[PDB]
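Asker: Below is one structure. I have some questions about it.
Protein chains in written order, with full-length UniProt numbering: chain A, 2 to 47, 60 to 86, 94 to 118; chain B, 3 to 75; chain C, 1 to 82; chain D, 2 to 97; chain E, 100 to 148; chain F, 42 to 80, 82 to 146, 148 to 249, 254 to 340.
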């Protein structure tokens, strides 16, 4: 399967681990064991913070996943114009009759 | 699967193993396993006291192992 | 030949999930996998020894799931068939 | 899988990691594995207490690792498509 | 003499093939400088025979 | 100026501005929607794919997505920024004739020759509702509220249906023949309607009687669906006719501007959302931007 997991790719995530710690950052790479790779990571042990960088977690260590934010980031047809004119028709009445 | 680990360079050399329950052992590396089960000879405990008891030939389980060191370069 | 296949039918309903961690999680199920990894929509999860916090897109590492408390309206006899 | 290849690519650089033990180890990485074994040198351990030490050579078991911490240039590295019948990612000229 | 034009024609002298622009390739170019600058990943050699 | 731009190969039908007032779209029998600028009056994308002829465009109220109503059951959807396909809303078993859109660009209504009205979501690719009458339907309009949908058929009976009830609440009366285009004001308070009796009548939305029957804009053998519009103020009414003339009314029951210019039958007249301009289209393959100083 893993169809849902590809959809998460390149989003800022909030990942709770078995220790209780919570890592945060974008998701670059993903596995069948749920090994996650995360970019520009920050733990929140708890009024606390730390800067790590690139972090590769195991599957054993991970508990839950949750998105913090969204993913980060016919030329010219034939037609031609002209000016005015607005000719008057001598005849009245509809197009087909006469 | 079953990646036979790179323990060829440790064979017939002294070691300083660590295992689960904060218990550790010295020994000559005789043989290794797929699952990292180990064969140690001239096995000496390192008790929490520091009292070193000689045992002999010993087979440590793979699961338990935390790590494996070298005493002398 | 698995009871897991029955959980793939379960999609859409709300459930309060308990984990080995000891948390509790009210939220609607979107998808369920063969390896138990469930994804949830509009979630209100509460941690052991903290206040409840609402999350939008929760997903769980199946390994950790103790039990689903299913809704009372769901017919079991119909779902247990292939 | 890509989460393993990234590891193999940080061989040579200096790595930080965390084990179930509770302690963190820092040193040059020499060899890794698909299991997540490791082989490092000049390690500077720091446990829960704060106790520093030195370990010349080390082997590990992956099962015992919680998570790694890897150098910054390893985010521009290529992440390949892999295939159904291949172990290592690598780039792929052929069919698919 | 006659051969010499009089109004010189523009002439782009080309010796060898070169690409107007970089050709796009799997690994990103910064990562190539990363390796080249950062580490001992780099090798060099001569292919001969 | 006036600006009589050429471009299409065959009979053009529908031409509309964005809600903003910065573009045209146009497209008829060509199987080609041609986008335009307003203020250097040049073409843009050739939206290509529809395998039936177009019968109705409508900009999404985001001013990005466009919706068609081909003669081969499809209702297409187009990214006007890029110009790629999004979907093929496959449903009807016949020729679609009209489209309508809401504030919320999400809901669409179409009208077949299967005698079936159908409401569409821009997320499902299927019908939300299916209202089967009896005689092939032709014109539809949805209110600003996102509640009342008006249907125009062959009986001369503009029926009114809500999205909650789905009951024949009311039926407009006094129109002897055929409806070619409904049109709700920018209030949500009154319709316009072209019948084949040439009575370009206004109706009420809430008591529900007539207001002013306008008379002087002929349909004949052609059997094209002619259009009507409300001006941005809702002062003027702009009805085209098969007499090659754009009969603009005063909404008080007085013909003010009657400007010719086309050499063939006229189809869908429009108005710009702010500045006084008139889009007028016609089988002829031509289009004008009639102004008032």
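Beta carbons are placed, not taken as given, at the ideal position from N, Cα and C, and that holds for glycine.
1) Decide if residue 141 (chain E) is buried, meaning its Cβ has at least 16 other Cβ atoms within 10 Å, or exposed.
2) In chain A, what lies closer than 9 Å to residue 70 (chain D) by C-beta?
3) Answer with buried or exposed for residue 234 (chain F), where buried requires no fewer than 16 other C-beta atoms within 10 angstroms of its C-beta.
4) Would you call the CB atoms of residue 313 (chain F) and residue 258 (chain F) closer than 8 Å?
5) Shorter than 8 Å from the beta carbon of residue 79 (chain A) to some beta carbon of chain F?
6) Where does residue 78 (chain C) fall in DSSP's three states?
7) Considering only residues of the same chain and omitting the five flanking positions on each side of residue 37 (chain B), which have a CB-CB separation below 6 Å?
8) By DSSP, does residue 210 (chain F) sit in helix, in strand, or in coil?
9) What are the start and end residues of the beta strand (DSSP E) that includes residue 58 (chain F)?
10) The segment 16-44 of chain C: which residues have C-beta closer than 9 Å to a C-beta of chain A, in chain order?
11) By the 8 Å beta-carbon criterion, what residues does the segment 51-63 of chain C contribute toward chain A?
12) Closest Cβ-Cβ distance between residue 139 (chain E) and chain D: below 8 Å?
13) Report the three-state DSSP secondary structure of residue 111 (chain E) (helix, strand or coil).
14) In the segment 44-69 of chain D, which residues sit with their C-beta less than 7 Å from some C-beta in chain B, listed in chain order?
15) Using the beta-carbon count (16 or more within 10 Å), is residue 1 (chain D) buried or exposed?
16) Please report the Cβ distance between residue 80 (chain D) and residue 29 (chain A), rounded to the nearest whole angstrom; I am assuming they are in contact, meaning their Cβ atoms lie under 8 Å.
17) Can you tell which of F:75, F:145, F:102 and F:223 has its C-alpha closest to the C-alpha of residue 95 (chain A)?
18) Using DSSP's beta-bridge definition, name the partner residues of residue 41 (chain D).
19) Mind checking the segment 116-134 of chain E against chain D and listing, in chain order, the residues whose C-beta falls within less than 7 Å of any C-beta there?
20) Consider the Cβ of residue 12 (chain D): report whether some Cβ of chain B lies at a distance smaller than 8 Å.
21) For chain A, is any of its Cβ atoms less than 8 Å away from the one on residue 24 (chain D)?
22) When you compare each of D:10, D:77, D:51 and D:82 to residue 23 (chain D) by their alpha carbons, which one comes out closest?
23) Check residue 70 (chain F) in the structure and name its three-state DSSP category.
24) Since residue 66 (chain D) contacts residue 7 (chain D) with CB under 8 Å, what's their CB separation in whole angstroms?
25) Are there 16 or more other CB atoms within 10 angstroms of the CB of residue 126 (chain E), so buried, or fewer, so exposed?
26) Taking the C-alpha atoms as reference points, what is the distance between residue 87 (chain D) and residue 39 (chain D)?
27) Put residue 1 (chain C) into one of helix, strand or coil per three-state DSSP.
28) Quick check on residue 4 (chain D): does DSSP put it in helix, strand or coil?
29) Taking the continuous beta strand (DSSP E) assigned at residue 25 (chain C), which residues delimit it?
30) Taking 8 Å as the threshold (C-beta atoms), are residue 289 (chain F) and residue 7 (chain A) in contact?
31) Of the residues F:176, F:193 and F:123, which one's Cα is nearest the Cα of residue 143 (chain F)?
32) Per the contact definition of three or more C-beta pairs closer than 8 Å, is the segment 47-55 of chain F in contact with the segment 130-146 of chain E?
33) Could you give the first and the last residue of the continuous alpha helix (DSSP H) run that contains residue 130 (chain E)?
34) Going along chain A, which residues have a C-beta under 9 Å from residue 2 (chain D)?
35) So with Cβ pairs under 8 Å, would you call residue 81 (chain F) a contact of chain A?
36) Given a cut-off of 8 Å, decide if residue 38 (chain C) and residue 32 (chain C) are closer than it, judged by their beta-carbon atoms.
Answerer: Quick look at the numbers:
1) Around the beta carbon of residue 141 (chain E), fewer than 16 other beta carbons sit within 10 angstroms, so the residue counts as exposed.
2) Under the 9 Å cutoff, chain A gives 42, 65, 66, 67, 68 and 69.
3) So residue 234 (chain F) ends up on the buried side.
4) Not a contact, by the Cβ cut-off of 8 Å.
5) Residue 79 (chain A) has a beta carbon lying at 8 Å or more from every beta carbon in chain F.
6) In the structure shown, residue 78 (chain C) sits in a helix (DSSP, three-state: H, G or I).
7) Within the same chain, 64 come within 6 Å of residue 37 (chain B) by CB-CB distance, once the 5 residues on both sides are set aside.
8) Reduced to three states, the DSSP call for residue 210 (chain F) is coil.
9) In the DSSP annotation of this structure, the continuous segment of the beta strand (DSSP E) that includes residue 58 (chain F) starts and ends at 55-58.
10) Of all residues in the segment 16-44 of chain C, only 19, 20, 21, 23, 25, 30, 31, 33, 34, 35, 37, 39 and 43 place a beta-carbon less than 9 Å from a beta-carbon of chain A.
11) Against chain A - using a Cβ distance shorter than 8 Å - the residues of the segment 51-63 of chain C are 55, 56, 57, 58, 59, 60, 61 and 63.
12) Chain D contact via Cβ: present.
13) DSSP places residue 111 (chain E) in coil when its eight states are reduced to three.
14) Residues of the segment 44-69 of chain D with a C-beta atom less than 7 Å from some C-beta of chain B are 56, 57, 58, 59, 60, 61, 62 and 65, listed in chain order.
15) Since the displayed chain D opens at 2 and closes at 97, residue 1 (chain D) lies outside it and no answer follows.
16) Correct: roughly 7 Å between the Cβ atoms.
17) Looking at the Cα atoms, F:75 is the closest of the given residues.
18) In DSSP, residue 41 (chain D) forms a bridge with D:30 and D:59.
19) For chain D, the residues of the segment 116-134 of chain E that bring a beta carbon within less than 7 Å of one of its beta carbons are 125, 126, 127, 129, 130 and 133, in chain order.
20) The beta-carbon of residue 12 (chain D) is placed no less than 8 Å from the nearest beta-carbon of chain B.
21) No, its Cβ sits nowhere closer than 8 Å to a Cβ of chain A.
22) Measuring from the Cα of residue 23 (chain D), the nearest candidate turns out to be D:51.
23) Three-state DSSP puts residue 70 (chain F) in coil, outside helix and strand.
24) About 14 Å; that fails the 8 Å criterion.
25) Residue 126 (chain E) should be labelled exposed.
26) Roughly 23 Å separates the two Cα atoms.
27) The three-state secondary structure of residue 1 (chain C), taken from DSSP, is coil.
28) Residue state, collapsed to three classes: helix.
29) The continuous beta strand (DSSP E) containing residue 25 (chain C) extends over residues 24-31.
30) No, they are not a contact pair.
31) Among F:176, F:193 and F:123, the Cα nearest to that of residue 143 (chain F) is on F:193.
32) With a cut-off of 8 Å, the segment 47-55 of chain F and the segment 130-146 of chain E do not count as touching, because too few Cβ pairs lie within range.
33) Per DSSP, residue 130 (chain E) belongs to the alpha helix (DSSP H) from 128-137.
34) Those are 30, 31, 32, 33, 34 and 36, listed as they occur along chain A.
35) Within chain F, the sequence of modelled residues goes 80 then 82, so residue 81 (chain F) has no position in this structure.
36) It is a contact, given that the beta carbons lie within the stated cut-off.
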